[PDB]
> 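The structure under discussion is supplied below as structure tokens; questions concerning it will follow.
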Amino acid sequence: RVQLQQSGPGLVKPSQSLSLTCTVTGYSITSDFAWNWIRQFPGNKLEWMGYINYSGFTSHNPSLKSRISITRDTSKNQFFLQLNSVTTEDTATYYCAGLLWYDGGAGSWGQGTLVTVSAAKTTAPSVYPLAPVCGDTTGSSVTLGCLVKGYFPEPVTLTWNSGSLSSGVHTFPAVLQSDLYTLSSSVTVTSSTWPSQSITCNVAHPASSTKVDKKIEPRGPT
Amino acid sequence: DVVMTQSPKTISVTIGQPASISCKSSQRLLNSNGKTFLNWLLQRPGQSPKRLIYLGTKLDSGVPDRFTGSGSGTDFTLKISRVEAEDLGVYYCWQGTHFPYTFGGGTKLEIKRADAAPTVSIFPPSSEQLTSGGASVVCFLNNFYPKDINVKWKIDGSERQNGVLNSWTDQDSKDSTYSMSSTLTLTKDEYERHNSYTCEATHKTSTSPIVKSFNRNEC
């Protein structure tokens, strides 16, 4: 039905501004809805930031006092968030959400966009293959992996065989150390299918425009 | 501002059993037109919050009717008639009656299931990383229940704790298990200094740690 999608720079320097766009499809932004911005802190606490409704009237949380501007472009069916004077306390996942003005119904939220407030530099990751040791390949199933190391900021996307391999996958939350993240992912398959059917880790880091497609090679002759 | 208090903080429930959670607001949420702007939302792991209940008692658009909202004034309750594994996640209440609009702190629904030992897997550093001069040893502890687990690393039989970084998944709806990754990071020169590397997992399904090891420069 109505669908919302957030876009905007995912890394902002301290004391500058975050600027986000929500693009609405399947409904006109000049009808029926309040178009909200909501953010979720790393703790998982949610905070209501503000709205602009279908006639252009706005409201925002006094918690943000003076820093927030919410606007729209009806010709593009988009509404926007600007938040100035940011600090690391504004690092959060930012969501756009439409709720019907009349009754608060039909809540529809975008996928959410992470925004990191930091002076640290953008760094592309190294993607390392995790190939199983010989002794652990004689079972009925085998586990392979991928180590994504030393990137900034979040996030990266990781798929297996371009997303055609999705059962038996575990992708772990990234860990931050010294302004770089490391993430890993495991995939488990029937051992007799490997290495006859190859397995490739597909990693993308949109912040550095970098992609790595790493085929996992067995230890031993290849 | 209105404070929304949810209880309990966490709930663990067997599939097919019912679930009830509550939200208490510091102010009445009825408005001057008879409407109560009280919503319930579910956030599944890795997803954005999604609608369940609105107007205090009404099923939101498209939601399974296993969810029931009741209450009025300041005391509200969300009920799930029979819990399914895909119902796991964090449940939030939200009020839109008093400015500024506020959310409850959330209630995490966990699925109770049969105990399960981890599948443990250990991985040496890759050739490519070693040319970098850094060396990460990775151990996965996959699909175990319950969630509490301990990982111990040894190097040439001796426990090692510096350089270890751990990461846990949320509960998995497909099988109600947990998984964990542990990574031991060394300089290439220290890694190239020793021979055996060992990942030890301690979980309630066993009295004996699950142990996985390898020798450097052996397949």
Side-chain angles (χ1 to χ4, degrees), chain A residues 1 34 36 38 40 44-48 50-51 59-63 93 95 97 99-100 102-112 126-136 141-145 147 149-150 167 170-175 177 182-186 188 214 218-220, chain B residues 1 35 37-39 41 43 46-52 54-55 58 60-62 90 92 94 96 99-106 108 119-129 132 134 136 138 140 142-143 165-170 172 174 179-181 183 185 212-215 218-219:
Chain A
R1 315 99 128 138
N36 297 257
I38 293 152
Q40 189 163 38
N44 279 153
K45 172 202 264 267
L46 293 158
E47 180 187 39
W48 172 76
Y51 61 69
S59 184
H60 64 262
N61 199 321
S63 67
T93 297
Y95 292 107
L99 277 74
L100 286 176
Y102 181 73
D103 54 22
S108 314
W109 300 43
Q111 79 288 352
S126 311
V127 176
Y128 302 122
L130 307 184
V133 304
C134 265
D136 254 35
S141 285
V142 58
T143 300
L144 283 50
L147 179 63
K149 199 155 143 57
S167 346
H170 296 290
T171 304
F172 297 89
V175 171
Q177 184 171 108
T182 304
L183 171 151
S184 63
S185 173
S186 67
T188 297
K214 176 66 65 160
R219 294 174 62 78
Chain B
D1 308 358
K35 298 169 210 189
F37 288 134
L38 184 280
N39 298 2
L41 297 78
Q43 192 174 29
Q47 307 194 340
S48 78
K50 299 197 169 161
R51 55 179 185 263
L52 299 163
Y54 65 121
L55 281 175
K58 206 161 158 200
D60 223 326
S61 175
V90 181
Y92 295 94
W94 172 87
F99 170 88
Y101 317 127
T102 46
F103 295 87
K108 179 192 219 109
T119 295
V120 185
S121 295
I122 192 170
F123 300 86
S126 67
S127 294
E128 299 92 314
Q129 183 186 20
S132 91
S136 304
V138 180
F140 300 107
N142 285 347
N143 307 74
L165 293 184
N166 299 321
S167 188
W168 310 264
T169 61
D170 294 325
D172 181 292
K174 97 112 148 104
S179 300
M180 178 201 177
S181 175
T183 297
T185 289
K212 292 282 180 91
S213 300
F214 69 91
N215 298 307
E218 239 189 271
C219 181

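Atoms considered below: every heavy atom in the structure, side chains included; atoms not considered: hydrogens, waters and symmetry mates. We name chains A, B, ... by the order of the sequence lines, and we start the count at 1 in each one.
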> Search all heavy atoms of A:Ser184 against all heavy atoms of B:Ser181 and return the closest pair with its distance.
OG-OG, 3.0 Å
> Can you find a side-chain donor-acceptor pair between B:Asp172 and A:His170 that sits under 3.5 Å?
no
> Got a second to check how far B:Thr102's OG1 is from A:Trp48's CH2, nearest 0.5 Å?
10.0 Å
> At a heavy-atom distance under 4.5 Å, which candidate from A:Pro218, A:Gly104, A:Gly135, A:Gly110 has the highest pair count against chain B?
A:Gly104
> Can you tell if the side chain of A:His60 reaches within under 4.5 Å of the side chain of B:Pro100, non-hydrogen atoms only?
no
> Which value, rounded to the nearest 0.5 Å, describes the distance between A:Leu183 atom CG and B:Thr183 atom OG1?
9.5 Å
> Using heavy-atom distances under 4.5 Å, tell me whether B:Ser132 contacts chain A through its side chain, its backbone, both, or neither.
side chain
> Which value, rounded to the nearest 0.5 Å, describes the distance between A:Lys149 atom NZ and B:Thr185 atom OG1?
4.5 Å
> Please determine which of B:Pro124, B:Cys219, B:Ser121 meets the side-chain contact (heavy atoms from CB on, under 4.5 Å) test together with A:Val133.
B:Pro124
> Relative to chain B, which segment of A:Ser185 carries a heavy atom at a distance below 4.5 Å: side chain, backbone, both, or neither?
backbone
> Which of the residues B:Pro49, B:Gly62, B:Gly46, B:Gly104 is involved in the greatest number of heavy-atom pairs with chain A at under 4.5 angstrom?
B:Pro49
> Show the nearest heavy-atom pair for residues A:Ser186 and B:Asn142, with the distance to one decimal.
OG-ND2, 3.0 Å
> Give, as side chain, backbone, both or neither, the part of A:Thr143 having an atom under 4.5 angstrom from any heavy atom of chain B.
both
> Please classify the contact between A:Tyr95 and chain B as side chain, backbone, both or neither, with a heavy-atom cut-off of under 4.5 Å.
side chain
> State, to 0.1 Å, how close B:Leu41 and A:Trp109 come at their nearest heavy-atom pair, and which atoms those are.
CD2-CZ2, 3.4 Å
> Under a 4.5 Å cutoff for heavy-atom pairs, which residue among A:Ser141, A:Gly220, A:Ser126, A:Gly105 has the most contacts with chain B?
A:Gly105
> Do B:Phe214 and A:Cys134 have side-chain heavy atoms sitting under 4.5 Å apart?
no
> Is it the case that over 12 heavy atoms from other parts of the model lie below 6.0 angstrom from the NZ atom of B:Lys50?
no
> Does the side chain of B:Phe103 reach to within under 4.5 Å of the side chain of A:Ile38, using non-hydrogen atoms?
yes
> What part of B:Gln47 gets within 4.5 angstrom of chain A, counting heavy atoms only: side chain, backbone, both, or neither?
backbone
> So, the side chain of B:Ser167 versus the backbone of A:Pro173: is there a donor-acceptor pair under 3.5 Å, distance only?
yes
> A:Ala97 versus chain B, heavy atoms under 4.5 Å apart: side chain, backbone, both or neither?
neither
> If you compare all heavy atoms of A:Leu147 against all heavy atoms of B:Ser136, which two are closest, and at what distance to 0.1 Å?
CD2-CB, 3.6 Å
> Which pair of heavy atoms, one from B:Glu128 and one from A:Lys214, lies closest together, and at what distance?
OE2-NZ, 3.1 Å
> Using a cut-off of under 4.5 Å for heavy-atom pairs, which of B:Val138, B:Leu38, B:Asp1, B:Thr119 has the most such pairs with chain A?
B:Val138
> Tell me, side chain or backbone of A:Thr171 under 4.5 Å from chain B's heavy atoms, or both, or neither?
backbone
> Side chain from CB out, backbone as N, CA, C, O: work out which of these in A:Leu99 comes under 4.5 Å of a heavy atom of chain B, or both, or neither.
side chain
> Once you measure the plane-to-plane angle for A:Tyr51 and B:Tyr101, does it fall in the parallel (<30°), tilted (30-60°) or perpendicular (>60°) bin?
parallel
> Show the numbers, then the answer: is there a side chain to side chain contact (heavy atoms under 4.5 Å, CB included) between B:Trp94 and A:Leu46?
CA-CA 10 Å; B:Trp94 172 87; A:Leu46 293 158; over 6 Å; no
> I need the minimum non-hydrogen distance between B:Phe123 and A:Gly145, along with the two atoms involved.
CE2-N, 4.4 Å
> Of the backbone (N, CA, C, O) and the side chain (C-beta and beyond), which part of B:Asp170 lies under 4.5 Å from a heavy atom of chain A, both, or neither?
neither
> For A:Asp136, which atoms come within 4.5 Å of any heavy atom of chain B: side chain, backbone, both, or neither?
side chain
> Tell me, for A:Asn44 versus chain B, whether the close heavy atoms (under 4.5 Å) come from the side chain, the backbone, both or neither.
both
> Can you tell which part of B:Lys212 gets under 4.5 Å to a heavy atom of chain A, answering side chain, backbone, both or neither?
side chain
> Quick one: pull up OH in B:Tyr92 and NZ in A:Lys45 and give me the separation to the nearest 0.5 Å.
11.0 Å
> Working to the nearest 0.5 Å, report the span between CG of A:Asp103 and CG of B:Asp60.
8.0 Å
> Who wins among A:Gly50, A:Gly112, A:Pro132 for the most heavy-atom pairs under 4.5 Å with chain B?
A:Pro132
> Do B:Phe140 and A:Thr188 make a side-chain contact, defined as non-hydrogen atoms from C-beta onward lying under 4.5 Å apart?
no
> Check whether more than 12 heavy atoms from other residues, nucleotides or ligands sit under 6.0 Å from atom OH of A:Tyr102, and answer yes or no.
no
